[PDB]
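*Asks:* Quick one: this structure, given as structure tokens, is what I'll be asking you about.
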Amino acid sequence: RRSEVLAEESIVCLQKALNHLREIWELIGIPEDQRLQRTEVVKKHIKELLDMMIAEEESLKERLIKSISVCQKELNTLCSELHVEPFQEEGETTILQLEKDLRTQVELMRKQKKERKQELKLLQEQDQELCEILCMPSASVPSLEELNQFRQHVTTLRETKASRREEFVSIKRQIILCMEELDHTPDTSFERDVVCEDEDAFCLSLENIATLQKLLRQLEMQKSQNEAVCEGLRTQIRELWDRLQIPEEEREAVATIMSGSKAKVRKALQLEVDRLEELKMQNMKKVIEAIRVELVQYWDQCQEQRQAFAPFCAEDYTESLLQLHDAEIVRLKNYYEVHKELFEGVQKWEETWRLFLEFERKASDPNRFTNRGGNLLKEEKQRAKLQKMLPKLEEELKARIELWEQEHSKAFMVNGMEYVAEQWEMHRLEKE
Amino acid sequence: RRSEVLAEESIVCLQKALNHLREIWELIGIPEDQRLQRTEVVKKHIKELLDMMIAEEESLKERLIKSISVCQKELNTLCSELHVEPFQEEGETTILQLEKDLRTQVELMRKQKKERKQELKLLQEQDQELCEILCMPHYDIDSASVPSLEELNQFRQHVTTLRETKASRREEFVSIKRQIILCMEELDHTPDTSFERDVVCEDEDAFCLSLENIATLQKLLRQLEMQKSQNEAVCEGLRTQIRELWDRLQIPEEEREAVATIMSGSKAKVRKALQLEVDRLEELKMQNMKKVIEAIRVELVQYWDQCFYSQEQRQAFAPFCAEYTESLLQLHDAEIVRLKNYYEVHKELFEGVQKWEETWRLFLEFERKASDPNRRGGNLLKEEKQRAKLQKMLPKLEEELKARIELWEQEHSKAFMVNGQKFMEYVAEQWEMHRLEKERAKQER
């Protein structure tokens, strides 16, 4: 209602213009023909202009419809690449507005397509990283369900990753504890990257996990070994504590050696076992030697025969050789205990003969009246008493030797009564 | 009425186009605003084109009217400058044809002015050529910035008259030049001045035909005519002299015919010729009169010798030695006539006078032969006879002469003395010597 008014206005203007021109031509005076020519020129140019306008607007219409075709097809495809219903049913098919709608919706489809494709790439990247660390391994225009499922997959991978990382952390902690306990620094490459490196850069494959647990198994095996060896040494020490005096205070002093599995406590155990065993051993040598001293004591009271037994020679001193010498000394003491009343007479007789011979000697020296001790009758009478005891001693002890030979078969010797009677004969030949 | 039809037709065309665009709008879904603005632009360009064309045409019209006014003004200016009626036509009441015709008259009258100017300059360029030769102004009022038909006609007539008069005066120039050339050819007088050179030596087209110049030419002709009159006169005097000297002496018609054949006019060196002849005649005459005189002189002396013995008496003639005026000749005539008749009267007397001596010498010879020392020639007796005859003859003449002398001396004169005083003393002396011869002879005997 406004464009029509403008149009009629323009037409009116053209009318007034034509009137004015015709009036001018009339005034100047042009014989119709050239007026008709001029008007034909005017109508020509105006025709040109108007046809130009019309052609322009027509080509605009062509632009609009072609646009509509292209967008129609493209949207028809983008409703297939995705799963969205095509918008329509407004009721107003104003081609400007309709084209605007198509173009805009298409733009949106492009946008969400690019967004979903990009998201696909990103999820593929995350999946790549997770498949890379856990060691557990087209692509264009997806949907939405595929996306969700993929997201679920990724989340599961992340959760399992967290699990493996926690487990690895704990096992690494325990492993550090072990390697410290055993006084051990990382040597093997895997042990190095597990303990020294760590930092979660350590791969969390099933391979690495199994290897890890294996290493832990080895370590705990070692710790168990050490505790077993050491405790065994401890029981040996107990055995040494029951087979000896061992006052409480020394047990208390050792009580730190009954500790753990550490090499120093082990070496301590060894040291103590060695030292205690050697100690007891030295006690064996000692006591055995003492028994031998008692033996020497009783040998004189009772040479080849004494040499016959002697097994103590050499360094082997134990409870074995101990009981050997103990049994022997007991037997010997039991021998002399029964034959004391026989040997005492031998000693007494030897002494008697000795001082008798002495008194005989002092009674022969012609310078006894010049160089001697007082009381001549004392020495003489005492000597006579010795000469009285001597045969009766040889008599009273004569009925014992035969009895011994009756009990103990064979004969008895000493230092090689034969020698006794030989001594008597020596005396009888001395005064000759 | 058809232009309006095509106009409204084009209007319907615009309506159709606008409805077509409205249609095109309806075909699609287009708002009011953009269509309104586009229609507004259409209106803008339509108004633009219309205003443009209407501006061009309006301009053209107002320029046409302007040009009309200007051409009318200029037409009035040129109609005032020259003298032409402002022509037009009432039928053409239109603007276009009016303007066109106006500037047409403009260009035409401009051509008229230019033509008149060129004609003016032409007439001036002929005038300048002729007036210089005529040595006169002959300039009209003649404004070099203003022309006029009648004045142009007057100029034409003026120039043509100048041409006619030029041809006339030049004709006179040629005629007089010819006459002068002839008179000079006869008088033989090569131009000694510069003007004569300007006439005959400078030749044609260079003569300044001023009236004074022509007067000088006439003056030259009068000079040649003058000298011609002089020479004609001189030669007339000479002519008369020749006929005259002819008449004085003997004039033959044969020799006169010869001179006539030798005779000419008064041209060249005829004066030198005739003169030479005049004096020649004067010489001839001079000889003639002399010759006669010479002859007469002889005769005089002859008649002196036949009478006059005294040299003084002969010298008493006075002029005789003088040398030839008519007076001298006539004087000789009178003298000799006088002497001739004077002698003729005394003819017999002087004859006897000579006869006396003629007989005396002879007689003395006969007497000398009479002494006769030789005693010679033949005839002695005859000689004696004739001697006696002479002796008888002498006294007859002696007394005769003595009387004639006495008769003559008595009345006619006073005295006389032939060959000295006492004319007889010669006679008496001869008689004395003869008497001496006789005395000597008589003494010898």
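Residue numbers start at 1 in each chain; chains themselves are named A, B, ... in the order of the structure tokens; ligands are numbered from 1 in the order shown.
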Show me, as a PyMOL selection string, the residues of chain A whose atoms get within 8 Å of chain B, using only C-alpha atoms for the distance check.

*Replies:* chain A and resi 2-3+6-7+10-11+13-15+17-18+21+24+27-29+32+35-36+39-40+43+46+50-51+54+57-58+61+93-97

*Asks:* Using C-alpha atoms, can you export the residues from the last selection as a compact mmCIF listing (two decimals), in the first residue's frame?

*Replies:*
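Dumped to selection32.txt:
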# COMPACT_ATOMS: atom_id res chain seq x y z
CA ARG A 2 3.10 2.20 0.23
CA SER A 3 5.08 0.86 -2.72
CA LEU A 6 5.62 5.53 -4.62
CA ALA A 7 5.14 3.85 -8.01
CA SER A 10 7.10 8.11 -10.11
CA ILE A 11 4.62 7.67 -12.96
CA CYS A 13 6.68 12.56 -12.30
CA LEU A 14 7.25 10.93 -15.70
CA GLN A 15 3.96 12.41 -16.93
CA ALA A 17 8.33 15.54 -17.35
CA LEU A 18 6.88 14.42 -20.69
CA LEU A 21 9.37 18.37 -22.73
CA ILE A 24 9.52 23.00 -24.78
CA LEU A 27 7.86 26.41 -28.16
CA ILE A 28 11.13 25.87 -30.04
CA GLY A 29 9.19 24.34 -32.93
CA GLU A 32 6.44 16.24 -35.10
CA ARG A 35 9.71 14.92 -31.62
CA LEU A 36 8.57 11.35 -32.22
CA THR A 39 10.31 10.40 -27.54
CA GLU A 40 11.36 7.09 -29.08
CA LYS A 43 11.21 5.37 -24.25
CA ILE A 46 13.68 3.99 -20.02
CA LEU A 50 13.42 -0.90 -16.42
CA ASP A 51 14.47 -4.12 -18.14
CA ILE A 54 13.50 -6.45 -13.77
CA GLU A 57 15.29 -8.93 -9.49
CA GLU A 58 14.62 -12.02 -11.63
CA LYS A 61 14.71 -14.97 -7.58
CA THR A 93 6.76 -20.21 2.60
CA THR A 94 8.20 -16.72 2.12
CA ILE A 95 11.21 -17.77 0.05
CA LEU A 96 13.52 -15.28 1.80
CA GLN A 97 12.52 -16.65 5.20

*Asks:* At a cut-off of 7 Å, using only C-alpha atoms, what residues contact range 231-240 of chain A? Leave out same-chain residues fewer than 3 positions from it and give the result as a PyMOL selection string.

*Replies:* chain A and resi 227-228+243-244+258+269+273+276

*Asks:* Next, dump the selected residues to file, keeping only N, CA, C and O atoms, as a short mmCIF file (atom, residue, chain, number, x, y, z; two decimals), in the first residue's frame.

*Replies:*
data_model
loop_
_atom_site.label_atom_id
_atom_site.label_comp_id
_atom_site.auth_asym_id
_atom_site.auth_seq_id
_atom_site.Cartn_x
_atom_site.Cartn_y
_atom_site.Cartn_z
N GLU A 227 65.22 -65.35 58.30
CA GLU A 227 64.60 -65.62 59.59
C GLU A 227 64.71 -67.10 60.00
O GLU A 227 64.86 -67.40 61.19
N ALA A 228 64.66 -68.00 59.02
CA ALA A 228 64.76 -69.45 59.27
C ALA A 228 66.17 -69.90 59.70
O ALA A 228 66.34 -70.64 60.69
N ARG A 243 73.43 -76.78 77.97
CA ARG A 243 74.60 -77.63 78.15
C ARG A 243 75.75 -76.88 78.80
O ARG A 243 76.92 -77.20 78.59
N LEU A 244 75.41 -75.88 79.61
CA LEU A 244 76.41 -75.05 80.25
C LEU A 244 75.83 -74.37 81.49
O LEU A 244 74.63 -74.45 81.74
N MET A 258 68.56 -62.41 69.47
CA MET A 258 67.39 -63.19 69.10
C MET A 258 66.39 -62.34 68.33
O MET A 258 65.18 -62.53 68.44
N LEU A 269 74.93 -64.14 65.58
CA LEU A 269 74.54 -65.51 65.92
C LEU A 269 75.67 -66.49 65.68
O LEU A 269 76.01 -67.29 66.55
N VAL A 273 77.60 -68.70 68.55
CA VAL A 273 77.61 -70.16 68.47
C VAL A 273 79.04 -70.69 68.49
O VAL A 273 79.38 -71.59 69.27
N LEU A 276 80.68 -69.94 72.03
CA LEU A 276 80.14 -70.79 73.08
C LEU A 276 80.58 -72.25 72.93
O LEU A 276 80.98 -72.89 73.91
#

*Asks:* As number ranges by chain, please: all residues of range 298-422 of chain A that backbone DSSP puts in alpha helix (DSSP H).

*Replies:* A: 298-301, 304-309, 319-362, 376-396, 398-407, 418-422

*Asks:* Compile the contact shell of residue 180 in chain A as a list in words: residues with an atom at most 12 Å away, counting only C-alpha atoms, same-chain residues fewer than 4 positions apart removed.

*Replies:*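 The residues satisfying every condition are residues 173, 174, 175, 176, 184, 185, 186, 195, 219, 223, 261, 262 and 263 of chain A.
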
*Asks:* Those same residues - N, CA and C atoms - I'd like them written as a PDB file, in the first residue's frame.

*Replies:*
ATOM      1  N   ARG A 173      55.717 -50.072  47.885  1.00  0.00           N
ATOM      2  CA  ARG A 173      55.986 -49.735  49.280  1.00  0.00           C
ATOM      3  C   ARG A 173      56.572 -50.934  50.028  1.00  0.00           C
ATOM      4  N   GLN A 174      55.853 -52.052  49.974  1.00  0.00           N
ATOM      5  CA  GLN A 174      56.304 -53.276  50.631  1.00  0.00           C
ATOM      6  C   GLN A 174      57.675 -53.725  50.128  1.00  0.00           C
ATOM      7  N   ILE A 175      57.890 -53.604  48.822  1.00  0.00           N
ATOM      8  CA  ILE A 175      59.160 -53.984  48.209  1.00  0.00           C
ATOM      9  C   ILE A 175      60.314 -53.134  48.734  1.00  0.00           C
ATOM     10  N   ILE A 176      60.084 -51.830  48.844  1.00  0.00           N
ATOM     11  CA  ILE A 176      61.065 -50.926  49.436  1.00  0.00           C
ATOM     12  C   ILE A 176      61.393 -51.376  50.855  1.00  0.00           C
ATOM     13  N   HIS A 184      69.654 -54.079  50.874  1.00  0.00           N
ATOM     14  CA  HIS A 184      69.868 -54.244  49.444  1.00  0.00           C
ATOM     15  C   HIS A 184      69.445 -53.023  48.630  1.00  0.00           C
ATOM     16  N   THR A 185      70.362 -52.536  47.801  1.00  0.00           N
ATOM     17  CA  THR A 185      70.071 -51.454  46.869  1.00  0.00           C
ATOM     18  C   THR A 185      69.716 -52.046  45.510  1.00  0.00           C
ATOM     19  N   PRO A 186      68.795 -51.395  44.782  1.00  0.00           N
ATOM     20  CA  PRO A 186      68.349 -51.869  43.465  1.00  0.00           C
ATOM     21  C   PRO A 186      69.511 -52.106  42.506  1.00  0.00           C
ATOM     22  N   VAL A 195      61.541 -49.347  41.914  1.00  0.00           N
ATOM     23  CA  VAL A 195      61.841 -48.712  43.193  1.00  0.00           C
ATOM     24  C   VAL A 195      62.356 -47.282  43.041  1.00  0.00           C
ATOM     25  N   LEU A 219      61.774 -61.607  47.070  1.00  0.00           N
ATOM     26  CA  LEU A 219      62.187 -60.845  48.249  1.00  0.00           C
ATOM     27  C   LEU A 219      61.698 -61.467  49.559  1.00  0.00           C
ATOM     28  N   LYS A 223      63.701 -63.004  52.822  1.00  0.00           N
ATOM     29  CA  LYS A 223      63.449 -62.611  54.207  1.00  0.00           C
ATOM     30  C   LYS A 223      63.138 -63.831  55.077  1.00  0.00           C
ATOM     31  N   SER A 261      66.384 -60.889  61.106  1.00  0.00           N
ATOM     32  CA  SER A 261      66.939 -61.615  59.973  1.00  0.00           C
ATOM     33  C   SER A 261      68.111 -60.867  59.350  1.00  0.00           C
ATOM     34  N   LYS A 262      68.352 -59.653  59.840  1.00  0.00           N
ATOM     35  CA  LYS A 262      69.384 -58.773  59.301  1.00  0.00           C
ATOM     36  C   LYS A 262      70.781 -59.377  59.443  1.00  0.00           C
ATOM     37  N   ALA A 263      71.591 -59.213  58.399  1.00  0.00           N
ATOM     38  CA  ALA A 263      72.898 -59.862  58.292  1.00  0.00           C
ATOM     39  C   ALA A 263      73.797 -59.708  59.514  1.00  0.00           C
TER      40      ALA A 263
END

*Asks:* Just want the 12 Å neighbourhood of residue 282 in chain A, counted on only C-alpha atoms, with same-chain residues fewer than 2 positions away dropped. Output as a list in words.

*Replies:*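 Result of the neighbour search: residues 275, 276, 277, 278, 279, 280, 284, 285, 286, 287, 288, 289, 315, 316, 317, 318, 319 and 322 of chain A.
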
*Asks:* Once you have the residues from the selection above, write them out as a compact mmCIF listing (two decimals), in the first residue's frame, restricted to N, CA, C and O atoms.

*Replies:*
# COMPACT_ATOMS: atom_id res chain seq x y z
N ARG A 275 81.79 -69.13 69.52
CA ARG A 275 82.43 -68.81 70.79
C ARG A 275 81.98 -69.70 71.94
O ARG A 275 82.80 -70.16 72.73
N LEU A 276 80.68 -69.94 72.03
CA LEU A 276 80.14 -70.79 73.08
C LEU A 276 80.58 -72.25 72.93
O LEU A 276 80.98 -72.89 73.91
N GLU A 277 80.52 -72.76 71.70
CA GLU A 277 80.94 -74.12 71.41
C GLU A 277 82.41 -74.31 71.78
O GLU A 277 82.78 -75.28 72.45
N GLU A 278 83.24 -73.37 71.33
CA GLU A 278 84.66 -73.38 71.65
C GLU A 278 84.89 -73.30 73.16
O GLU A 278 85.80 -73.93 73.69
N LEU A 279 84.05 -72.52 73.83
CA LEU A 279 84.14 -72.36 75.27
C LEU A 279 83.95 -73.69 75.98
O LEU A 279 84.80 -74.13 76.76
N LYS A 280 82.81 -74.32 75.71
CA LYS A 280 82.51 -75.64 76.27
C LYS A 280 83.63 -76.63 75.96
O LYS A 280 84.09 -77.35 76.85
N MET A 284 86.06 -78.97 78.24
CA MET A 284 86.34 -80.40 78.10
C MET A 284 87.83 -80.67 78.24
O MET A 284 88.23 -81.50 79.05
N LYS A 285 88.64 -79.96 77.46
CA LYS A 285 90.09 -80.10 77.57
C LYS A 285 90.54 -79.90 79.01
O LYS A 285 91.30 -80.71 79.55
N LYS A 286 90.06 -78.82 79.62
CA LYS A 286 90.39 -78.49 81.01
C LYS A 286 90.09 -79.63 81.98
O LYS A 286 91.00 -80.15 82.64
N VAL A 287 88.82 -80.02 82.06
CA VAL A 287 88.40 -81.04 83.02
C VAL A 287 89.07 -82.39 82.76
O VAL A 287 89.45 -83.09 83.70
N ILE A 288 89.21 -82.75 81.48
CA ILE A 288 89.91 -83.98 81.11
C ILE A 288 91.34 -83.96 81.64
O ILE A 288 91.80 -84.92 82.25
N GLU A 289 92.03 -82.84 81.41
CA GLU A 289 93.38 -82.66 81.93
C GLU A 289 93.44 -82.80 83.45
O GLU A 289 94.36 -83.41 83.99
N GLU A 315 94.26 -83.52 69.88
CA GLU A 315 93.47 -82.34 70.24
C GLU A 315 91.97 -82.58 70.43
O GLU A 315 91.22 -81.67 70.84
N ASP A 316 91.54 -83.81 70.16
CA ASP A 316 90.14 -84.17 70.28
C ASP A 316 89.75 -84.24 71.74
O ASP A 316 89.95 -85.26 72.40
N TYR A 317 89.19 -83.15 72.23
CA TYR A 317 88.68 -83.11 73.59
C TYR A 317 87.18 -82.84 73.60
O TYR A 317 86.73 -81.75 73.23
N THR A 318 86.41 -83.83 74.05
CA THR A 318 84.96 -83.73 74.07
C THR A 318 84.36 -84.47 75.26
O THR A 318 85.08 -84.98 76.11
N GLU A 319 83.03 -84.53 75.31
CA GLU A 319 82.33 -85.26 76.37
C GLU A 319 82.59 -86.75 76.23
O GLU A 319 82.48 -87.51 77.19
N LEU A 322 86.00 -87.14 77.64
CA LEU A 322 85.68 -86.85 79.03
C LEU A 322 85.21 -88.10 79.75
O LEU A 322 85.80 -88.50 80.74

*Asks:* Taking a cut-off of 12 Å and counting only C-alpha atoms, can you build a table that, for each residue of range 147-188 of chain A near range 101-124 of chain A, reports the nearest atom pair and how far apart they are in Å (one decimal), sorted by chain then residue number, as a tab-separated table?

*Replies:*
residue	atom	partner	partner_atom	distance
A:147	CA	A:120	CA	7.2
A:148	CA	A:123	CA	10.5
A:149	CA	A:123	CA	11.0
A:150	CA	A:123	CA	7.5
A:151	CA	A:123	CA	7.3
A:152	CA	A:123	CA	10.7
A:153	CA	A:123	CA	10.0
A:154	CA	A:123	CA	7.8
A:155	CA	A:123	CA	10.7

*Asks:* Could you jot down the CA of residue 126 in chain B to CA of residue 159 in chain B separation for me, Å, one decimal place?

*Replies:*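 So the two atoms, CA of residue 126 in chain B and CA of residue 159 in chain B, lie 7.6 Å apart.
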
*Asks:* Work out how far CA of residue 348 in chain B is from CA of residue 414 in chain B, in Å to one decimal.

*Replies:*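 Taking CA of residue 414 in chain B as the start and CA of residue 348 in chain B as the end point, the length is 21.1 Å.
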
*Asks:* Mind checking which residues fall within 12 Å of range 380-386 of chain A, counting only C-alpha atoms, ignoring those fewer than 3 positions away in the same chain, and posting them as a list in words?

*Replies:*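 Counting only the stated atoms, we get residues 348, 349, 350, 351, 352, 353, 354, 355, 356, 357, 358, 359, 360, 361, 362, 363, 364, 374, 375, 376, 377, 389, 390, 391, 392 and 393 of chain A.
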
*Asks:* Write a file of the just-selected residues containing N, CA, C and O atoms, as an mmCIF file, in the first residue's frame.

*Replies:*
data_model
loop_
_atom_site.group_PDB
_atom_site.id
_atom_site.type_symbol
_atom_site.label_atom_id
_atom_site.label_comp_id
_atom_site.auth_asym_id
_atom_site.auth_seq_id
_atom_site.Cartn_x
_atom_site.Cartn_y
_atom_site.Cartn_z
ATOM 1 N N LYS A 348 105.137 -97.392 103.660
ATOM 2 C CA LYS A 348 105.663 -97.480 105.017
ATOM 3 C C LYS A 348 106.942 -98.306 105.071
ATOM 4 O O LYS A 348 107.890 -97.945 105.769
ATOM 5 N N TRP A 349 106.969 -99.410 104.331
ATOM 6 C CA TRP A 349 108.149 -100.263 104.299
ATOM 7 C C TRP A 349 109.316 -99.546 103.639
ATOM 8 O O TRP A 349 110.449 -99.644 104.102
ATOM 9 N N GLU A 350 109.039 -98.840 102.546
ATOM 10 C CA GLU A 350 110.085 -98.111 101.837
ATOM 11 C C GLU A 350 110.716 -97.049 102.734
ATOM 12 O O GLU A 350 111.945 -96.943 102.821
ATOM 13 N N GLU A 351 109.870 -96.270 103.401
ATOM 14 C CA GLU A 351 110.340 -95.265 104.348
ATOM 15 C C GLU A 351 111.162 -95.917 105.455
ATOM 16 O O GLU A 351 112.252 -95.446 105.795
ATOM 17 N N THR A 352 110.628 -97.008 106.000
ATOM 18 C CA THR A 352 111.279 -97.744 107.079
ATOM 19 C C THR A 352 112.686 -98.174 106.692
ATOM 20 O O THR A 352 113.640 -97.922 107.422
ATOM 21 N N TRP A 353 112.807 -98.819 105.537
ATOM 22 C CA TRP A 353 114.101 -99.236 105.018
ATOM 23 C C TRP A 353 115.020 -98.035 104.820
ATOM 24 O O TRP A 353 116.219 -98.109 105.093
ATOM 25 N N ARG A 354 114.445 -96.932 104.349
ATOM 26 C CA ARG A 354 115.212 -95.713 104.111
ATOM 27 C C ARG A 354 115.878 -95.187 105.384
ATOM 28 O O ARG A 354 117.108 -95.111 105.463
ATOM 29 N N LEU A 355 115.073 -94.833 106.382
ATOM 30 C CA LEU A 355 115.634 -94.279 107.615
ATOM 31 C C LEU A 355 116.398 -95.310 108.453
ATOM 32 O O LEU A 355 117.266 -94.949 109.250
ATOM 33 N N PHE A 356 116.080 -96.588 108.266
ATOM 34 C CA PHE A 356 116.851 -97.657 108.893
ATOM 35 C C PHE A 356 118.262 -97.654 108.332
ATOM 36 O O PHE A 356 119.244 -97.698 109.078
ATOM 37 N N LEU A 357 118.354 -97.598 107.007
ATOM 38 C CA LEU A 357 119.641 -97.523 106.334
ATOM 39 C C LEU A 357 120.371 -96.254 106.754
ATOM 40 O O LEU A 357 121.592 -96.253 106.878
ATOM 41 N N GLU A 358 119.619 -95.180 106.980
ATOM 42 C CA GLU A 358 120.204 -93.923 107.440
ATOM 43 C C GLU A 358 120.868 -94.082 108.808
ATOM 44 O O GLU A 358 122.037 -93.727 108.991
ATOM 45 N N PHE A 359 120.114 -94.618 109.765
ATOM 46 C CA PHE A 359 120.638 -94.859 111.106
ATOM 47 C C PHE A 359 121.805 -95.839 111.081
ATOM 48 O O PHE A 359 122.693 -95.782 111.931
ATOM 49 N N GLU A 360 121.794 -96.741 110.106
ATOM 50 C CA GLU A 360 122.896 -97.675 109.929
ATOM 51 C C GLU A 360 124.130 -96.939 109.415
ATOM 52 O O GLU A 360 125.259 -97.269 109.777
ATOM 53 N N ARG A 361 123.903 -95.934 108.574
ATOM 54 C CA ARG A 361 124.987 -95.139 108.010
ATOM 55 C C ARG A 361 125.647 -94.267 109.070
ATOM 56 O O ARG A 361 126.873 -94.200 109.150
ATOM 57 N N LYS A 362 124.832 -93.600 109.882
ATOM 58 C CA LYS A 362 125.366 -92.719 110.917
ATOM 59 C C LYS A 362 126.083 -93.503 112.014
ATOM 60 O O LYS A 362 126.913 -92.955 112.739
ATOM 61 N N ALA A 363 125.763 -94.789 112.126
ATOM 62 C CA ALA A 363 126.369 -95.644 113.141
ATOM 63 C C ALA A 363 127.641 -96.310 112.626
ATOM 64 O O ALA A 363 128.253 -97.121 113.323
ATOM 65 N N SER A 364 128.036 -95.964 111.405
ATOM 66 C CA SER A 364 129.232 -96.537 110.799
ATOM 67 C C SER A 364 130.342 -95.501 110.660
ATOM 68 O O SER A 364 131.524 -95.841 110.687
ATOM 69 N N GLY A 374 123.274 -85.135 118.641
ATOM 70 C CA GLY A 374 123.266 -85.673 119.990
ATOM 71 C C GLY A 374 122.480 -86.955 120.198
ATOM 72 O O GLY A 374 121.664 -87.344 119.361
ATOM 73 N N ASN A 375 122.751 -87.607 121.328
ATOM 74 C CA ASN A 375 122.071 -88.834 121.750
ATOM 75 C C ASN A 375 122.368 -90.047 120.873
ATOM 76 O O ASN A 375 121.631 -90.346 119.934
ATOM 77 N N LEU A 376 123.453 -90.745 121.197
ATOM 78 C CA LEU A 376 123.870 -91.926 120.449
ATOM 79 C C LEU A 376 122.992 -93.131 120.768
ATOM 80 O O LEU A 376 122.640 -93.908 119.876
ATOM 81 N N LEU A 377 122.641 -93.287 122.041
ATOM 82 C CA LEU A 377 121.791 -94.394 122.456
ATOM 83 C C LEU A 377 120.390 -94.247 121.874
ATOM 84 O O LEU A 377 119.713 -95.239 121.609
ATOM 85 N N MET A 389 110.839 -103.738 113.400
ATOM 86 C CA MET A 389 109.633 -103.535 112.603
ATOM 87 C C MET A 389 109.785 -104.074 111.185
ATOM 88 O O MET A 389 108.832 -104.594 110.606
ATOM 89 N N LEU A 390 110.989 -103.940 110.636
ATOM 90 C CA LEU A 390 111.253 -104.269 109.234
ATOM 91 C C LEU A 390 110.882 -105.698 108.787
ATOM 92 O O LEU A 390 110.239 -105.865 107.751
ATOM 93 N N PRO A 391 111.282 -106.732 109.554
ATOM 94 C CA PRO A 391 110.900 -108.079 109.113
ATOM 95 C C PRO A 391 109.418 -108.356 109.341
ATOM 96 O O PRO A 391 108.778 -108.993 108.504
ATOM 97 N N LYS A 392 108.887 -107.885 110.465
ATOM 98 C CA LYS A 392 107.478 -108.080 110.791
ATOM 99 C C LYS A 392 106.585 -107.361 109.789
ATOM 100 O O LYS A 392 105.462 -107.788 109.522
ATOM 101 N N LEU A 393 107.094 -106.264 109.238
ATOM 102 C CA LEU A 393 106.388 -105.536 108.194
ATOM 103 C C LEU A 393 106.397 -106.382 106.928
ATOM 104 O O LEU A 393 105.384 -106.503 106.241
#

*Asks:* Give me the residues within 7 Å of range 130-141 of chain A as a tab-separated table (two decimals) with N, CA, C and O atoms, in the first residue's frame, counting only C-alpha atoms and dropping any in the same chain fewer than 6 places off.

*Replies:*
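Saved result, selection-v6.tsv, follows:
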chain	number	residue	atom	x	y	z
A	81	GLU	N	23.34	-38.28	8.00
A	81	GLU	CA	24.62	-38.41	8.68
A	81	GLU	C	24.40	-38.35	10.19
A	81	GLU	O	25.13	-38.96	10.97
A	117	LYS	N	32.54	-35.02	15.48
A	117	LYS	CA	33.73	-35.57	14.85
A	117	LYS	C	34.97	-35.27	15.69
A	117	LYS	O	35.80	-36.15	15.93
A	157	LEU	N	38.39	-48.17	31.47
A	157	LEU	CA	39.85	-48.20	31.34
A	157	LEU	C	40.52	-47.33	32.41
A	157	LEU	O	41.54	-47.72	32.99
A	203	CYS	N	55.15	-48.76	33.51
A	203	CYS	CA	54.04	-49.36	32.78
A	203	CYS	C	53.19	-50.25	33.67
A	203	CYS	O	53.70	-50.94	34.55
A	204	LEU	N	51.89	-50.25	33.42
A	204	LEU	CA	50.95	-50.99	34.25
A	204	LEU	C	50.31	-52.15	33.48
A	204	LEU	O	49.14	-52.47	33.69
A	205	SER	N	51.09	-52.77	32.60
A	205	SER	CA	50.61	-53.94	31.87
A	205	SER	C	50.46	-55.13	32.81
A	205	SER	O	50.89	-55.07	33.96
